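Chains as they are written, first to last, in the entry's author numbering: chain A, 117 to 372, 377 to 497, 514 to 627, 633 to 707, 720 to 955; chain E, 1 to 76; chain D, 1 to 77; chain C, 1 to 76; chain B, 1 to 148. Using N, Cα and C, we set each Cβ at its ideal position, and we do this for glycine too.
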Amino acid sequence: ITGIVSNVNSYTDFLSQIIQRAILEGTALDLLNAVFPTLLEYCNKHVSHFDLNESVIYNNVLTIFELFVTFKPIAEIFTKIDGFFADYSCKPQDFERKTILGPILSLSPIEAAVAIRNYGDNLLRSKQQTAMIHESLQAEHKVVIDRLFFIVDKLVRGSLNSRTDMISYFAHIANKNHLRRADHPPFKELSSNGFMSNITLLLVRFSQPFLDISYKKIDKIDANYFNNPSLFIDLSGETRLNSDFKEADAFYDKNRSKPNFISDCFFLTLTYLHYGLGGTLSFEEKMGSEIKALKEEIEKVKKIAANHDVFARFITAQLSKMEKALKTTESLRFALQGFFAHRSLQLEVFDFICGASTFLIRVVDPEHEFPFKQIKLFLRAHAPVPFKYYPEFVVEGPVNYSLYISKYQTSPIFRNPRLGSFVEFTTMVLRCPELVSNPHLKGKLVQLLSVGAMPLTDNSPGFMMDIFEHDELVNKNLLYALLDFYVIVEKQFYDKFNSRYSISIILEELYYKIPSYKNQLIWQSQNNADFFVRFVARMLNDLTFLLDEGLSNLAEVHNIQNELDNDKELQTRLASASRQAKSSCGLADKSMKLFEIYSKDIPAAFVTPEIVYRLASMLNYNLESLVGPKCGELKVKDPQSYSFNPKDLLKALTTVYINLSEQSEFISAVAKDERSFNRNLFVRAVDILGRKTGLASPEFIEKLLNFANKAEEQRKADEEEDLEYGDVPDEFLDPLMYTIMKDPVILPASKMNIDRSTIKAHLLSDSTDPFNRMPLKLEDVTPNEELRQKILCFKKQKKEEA
Amino acid sequence: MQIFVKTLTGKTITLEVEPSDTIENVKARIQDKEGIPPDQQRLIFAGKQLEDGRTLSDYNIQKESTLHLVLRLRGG
Amino acid sequence: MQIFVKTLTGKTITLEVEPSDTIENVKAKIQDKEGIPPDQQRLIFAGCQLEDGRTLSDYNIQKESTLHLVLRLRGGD
Amino acid sequence: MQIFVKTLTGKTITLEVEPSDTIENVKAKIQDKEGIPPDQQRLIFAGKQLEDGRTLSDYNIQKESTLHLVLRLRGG
Amino acid sequence: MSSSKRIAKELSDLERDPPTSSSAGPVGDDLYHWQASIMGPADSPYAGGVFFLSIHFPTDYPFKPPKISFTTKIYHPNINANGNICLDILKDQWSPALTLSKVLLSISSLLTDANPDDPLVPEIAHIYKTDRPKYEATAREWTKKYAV
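See the structure below:
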């Protein structure tokens, strides 16, 4: 046995006839049960670590498996080996040590031992030196993956029972490892990333035949798979898209159907994409912070002297164990990056994601004819039945992969023509809220869209511009879908604004580079003013207090830093406030830039009486903080870290004014906002812009000063009108506004007079009477013409002396 | 006669049954040996949903066959 | 009827609950899907910490709500 | 004593009271039909609260006086 | 037009009739940032303590409640270390006819009664429902520490 493994190249012909001897005698299974458990024992006990490092051994093991798998009469009954399936009480981490297929599927270069061998020798290798280490192993890993695929595919076609047995085998592994997606999963109790990554790759390669570029083999996958209960994939506890547990159960009961291997595999590969590489990427992403935490822990101890004999040895060993742990962690982080940067494997995964997106879009199609004919474009009740009962991993998996995998310059997403299949699915998710009721996975999809549209370092259009331009489904409704999802993100609240941040990048880039979207905008404002006015209002509302939040957060960070200028929760909240300050500063700048580029071309949408009073107050309040002592005195360390550049924001703020400066309504509204208006503010802004040489043109300043002079003379006329109305009767004042009522109406509940606008604004928030808590509606009011006649009489009496 | 029942978690159990026994009696035996209430249980044979009032001979279930028990997804 | 729970790592989870179910009942169900014992699972809604002895029928009843998970760790230097 | 109370939507209920009752006793006359906890007893009467712990002989409620019962959303 | 004159007349009304145990006013010449000062009820361990208020009036005061926070540290279950107050009329139970004087009177009423069914601080809430002698003693202890 030992000599067979050591010298398999000589026993490959002597033992082959022995194998053929039992094929004709019908006693092959006895020797199969005698040899493979012995091979497992040899790999477990005689070798402490059967891994990729021992190039001699696993090459012989794979050769033995290749010798055995070729025989058709053997592969059909290969699943009857003792120990082929795991135990019912088998631990999730014991799959790769007590199974025939266990150790062989665990061959991966991302193992801890291989990482220590090939990374722990030098920790500060250069970027050029790094790629050589990866490529020295990627080719060998490709051979291992190819041989494992060759074995498993022959197991697939061996017989009808083998394909069911292997699906059952993969199902038991999938269900035992649902904690891989957890925040701090039990890594010592769950399956290793190497054992599961190879399995994820094998099924994706299995999907290559019937996911062809013709998309004609797309009907081989059953779209009615989840109508019947699943016998392999455990859907218990798995969230559905737009259906709760009771409706899904009744729908299983409703309509009361044979299993097929193509659909069994095509939905198991997605489960392995989610709970497999999806958890692997989240594991690798947290390596950037655990190393930082461990470095501080090691640094703290190194300042302690060691004298006490019982304690000195303990301290010395504590440092050494942490040194070994740091070695392993830095080796693993470097190994996983090279594993993920191998394009020959990631292109296949992304192409499969594209094919699966095509399949999903076909499922969404009422005619189910998407790959041939294009689709035409409360929420739970109107959702399509096949789409609504699907689980939530089929979207979470690919989106996590695309979000995580985009951070490399060597990404497979770049320059892949088959990419547009995923984009159509994303735009479909964007268009109809009936498809998904979850706004959080929607926020992740939008953030992925934001990542895809980011300009590169050379300022060239991103790898997504061609698809935003050359996709006939996207360009029809991408604008409306984004505008609609901007306002629904509303449903403390430290996350509803990051989605707005991601939407802002997409809006600005689409307005910049795509003139057809520049026509769809303007067309949106001129023929669908009701929809776009809500978007304008939703952008305007948050912008009032984002600067306040940023100022509070930066002051909080400074106070926390001065606290340490004299326990760790203060540092944690420093980081938390730093992130919220960065978000506030970024989203305020994006909102202001969008306001600038929108008032540049369509000022007519900004002068409507329903937003004109709010816009002037917001702009004045933002201006006073930027030009006042609040922003100047707040000296932030490295302001570019937080994107806190009030000098750069002031240019857009003033351009908003000058863009709307050709409208009398905007000039009047600003002069009527006494809350935050001053002629000295623009004078100060002139000098602030003069500090930044070349930022503002002299004619720019001249236009700003002309606007300021017009607003000042307007407010002087307003206060001239104000001074001629001195003492006033109390009955002619609004009991809530304390001003003269232009259109006094009588409240039916409290029998008191109120202005139409005042009660209209109150009813815009709640349909209750302010004075007696009674129900109240806009249609319940009663105009008071008699009192308005006396208002006119008194105004004319005051005009008799003016 | 004995039959094999397979679960979503991979549990394989034996059960002495008769061709004329009602399916609800089979679920009662499964509850006796495992404690799972019959209404929560949901048995599958040959990829088809079963009915409580029918018998094994009605569904042509041979002895020592394989049954798939799916626990109906409980609420929270 | 289902509610949302979110964590500081950006992970979004769904969870179906009932008005008569207690808060500790929600913590126990989260324990199964997260590997976190309830004693460490702290929940934030409207900026006020919840109580173990309470239920989900007193804190602002509404469907499709989103709770936040603040993770306090048993251990601190 | 016939007293009146109305909800937000406009529904009102009719039942008996006593001059020597308490506010929770009027509330105890509230859960017999709807079933709301006494902690949620909210009485908005002419812009001022009616404290639940006090008795009925202090809130000057006359015959067929209309009260206002709104469900509470306490916490925070 | 919408906010200035309401705040001005509310200031003038308090200027006419100042509250007995309370006192409020703007911070400098900034109309939208006031300061209130109150003195604890005699029938309470908060007597003899003076607390200042941090007030932030929003741009839509006549239709949205103010943002008001405590400045002095107080041993109270409904008040956190940030000075936030767990009160009802500062939430959806707000009415446009309510005045700031009534809000300050309600602050004193909350200080008098200390509704415990709103646990902003769980430890103090548990303390109040078990033994008065420690809650009352600690209230005066922190009043002497801070509210002097």
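Test item: CB-CB of residue i and residue j under 9 Å
i, j, result
"A/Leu223", "A/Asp167", "yes"
"A/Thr808", "A/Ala838", "no"
"A/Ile180", "A/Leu155", "yes"
"A/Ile764", "A/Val677", "yes"
"A/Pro923", "B/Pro58", "no"
"B/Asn82", "B/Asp118", "no"
"A/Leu651", "A/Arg567", "no"
"A/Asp896", "A/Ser778", "no"
Interface partners of residue i on chain D, CB under 9 Å
i, result
"C/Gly76", "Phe45, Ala46, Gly47, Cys48, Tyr59 and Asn60"
"A/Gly353", "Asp32 and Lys33"
Neighbouring residues, chain D, relative to residue i (Cβ below 7 Å)
i, result
"E/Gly75", "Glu16"
"C/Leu73", "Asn60"
"A/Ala298", "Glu34 and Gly35"
Selection from the options that minimises the alpha carbon distance to residue i
i, options, result
"A/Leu148", "A/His165, A/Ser132 and A/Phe194", "A/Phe194"
"A/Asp607", "A/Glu626, A/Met564 and A/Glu212", "A/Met564"
"A/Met600", "A/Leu772, A/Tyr341 and A/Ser542", "A/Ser542"
"A/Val587", "A/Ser557, A/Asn613, A/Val535 and A/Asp471", "A/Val535"
"A/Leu317", "A/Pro575, A/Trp664, A/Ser538 and A/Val469", "A/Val469"
"B/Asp92", "D/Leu73, D/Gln41, D/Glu18 and D/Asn60", "D/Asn60"
"D/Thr66", "D/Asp77, D/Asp58, D/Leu73 and D/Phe45", "D/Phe45"
"residue 78 of chain C", "C/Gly35, C/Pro38, C/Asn60 and C/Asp39", "Residue 78 of chain C lies beyond the residue range present for chain C, which begins at 1 and ends at 76; the question has no answer from this structure."
"A/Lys578", "A/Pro597, A/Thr593 and A/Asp636", "A/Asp636"
"A/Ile329", "A/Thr478, A/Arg463, A/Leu566 and A/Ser770", "A/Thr478"
"D/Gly10", "A/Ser640, A/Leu727 and A/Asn703", "A/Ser640"
Collapsed DSSP secondary structure at residue i in the structure displayed
i, result
"A/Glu884", "helix"
"C/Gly47", "coil"
"residue 94 of chain E", "Residue 94 of chain E lies beyond the residue range present for chain E, which begins at 1 and ends at 76; the question has no answer from this structure."
"A/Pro591", "coil"
"A/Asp429", "helix"
"B/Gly49", "coil"
"A/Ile197", "coil"
"D/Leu69", "strand"
"A/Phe342", "coil"
"residue 708 of chain A", "A gap in chain A, from 707 straight to 720, means residue 708 of chain A has no coordinates in the model shown."
"B/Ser23", "strand"
"B/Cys86", "coil"
"C/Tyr59", "coil"
"A/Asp919", "coil"
"B/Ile38", "strand"
"A/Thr128", "helix"
Within chain A, partners of residue i - CB distance below 7 Å
i, result
"E/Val70", "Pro345"
Proximal residues of chain E, C-beta to C-beta of residue i below 8 Å
i, result
"A/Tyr658", "None at all; the shortest Cβ gap to chain E is about 44 Å."
Within chain E, partners of residue i - CB distance below 9 Å
i, result
"A/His288", "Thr9 and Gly10"
Proximal residues of chain A, C-beta to C-beta of residue i below 9 Å
i, result
"C/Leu67", "Under the 9 Å cutoff, chain A gives no residues; its nearest Cβ is about 11 Å from C/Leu67."
Under 8 Å from the C-beta of residue i: neighbouring residues of chain B
i, result
"A/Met890", "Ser2, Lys5, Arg6 and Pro62"
"D/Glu51", "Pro119 and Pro122"
Chain-ordered chain A contacts of residue i [CB-CB under 8 Å]
i, result
"B/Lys9", "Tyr891"
"D/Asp77", "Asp720 and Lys721"
Chain-ordered chain B contacts of residue i [CB-CB under 9 Å]
i, result
"A/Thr685", "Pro58 and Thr59"
Notebook entry, point to check: Using a Cβ cut-off of 9 Å, which residues of the region 89 to 106 of chain B contact any Cβ in chain C, in chain order?
Noted result: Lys91, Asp92, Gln93, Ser95, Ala97 and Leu98
Check: Quick one, which residues of the region 914 to 938 of chain A are near chain B if we go by CB-CB under 7 Å, in chain order?
Finding: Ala914, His915, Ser918, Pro923 and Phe924
Check: Which residues, in chain order, does the region 24 to 53 of chain C contribute to contact with chain B at a C-beta distance below 8 Å?
Finding: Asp39 and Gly47
Checklist line | chain D contacts from the region 113 to 124 of chain B (Cβ-Cβ distance under 7 Å) | finding: Cβ contacts with chain D come from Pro119, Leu120 and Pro122.
Item checked: Near-chain D residues of the region 575 to 588 of chain A (beta-carbon distance less than 9 Å), N- to C-terminal order -> Residues of the region 575 to 588 of chain A whose Cβ lies closer than 9 Å to any Cβ of chain D, in chain order: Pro575, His576, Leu577, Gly579 and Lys580.
Notebook entry, point to check: Looking at chain B, which residues of the region 811 to 843 of chain A have a Cβ within less than 7 Å of any of its Cβ atoms?
Noted result: Those residues of the region 811 to 843 of chain A that come within reach of chain B (Cβ to Cβ, closer than 7 Å) are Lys825, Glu827 and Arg828.
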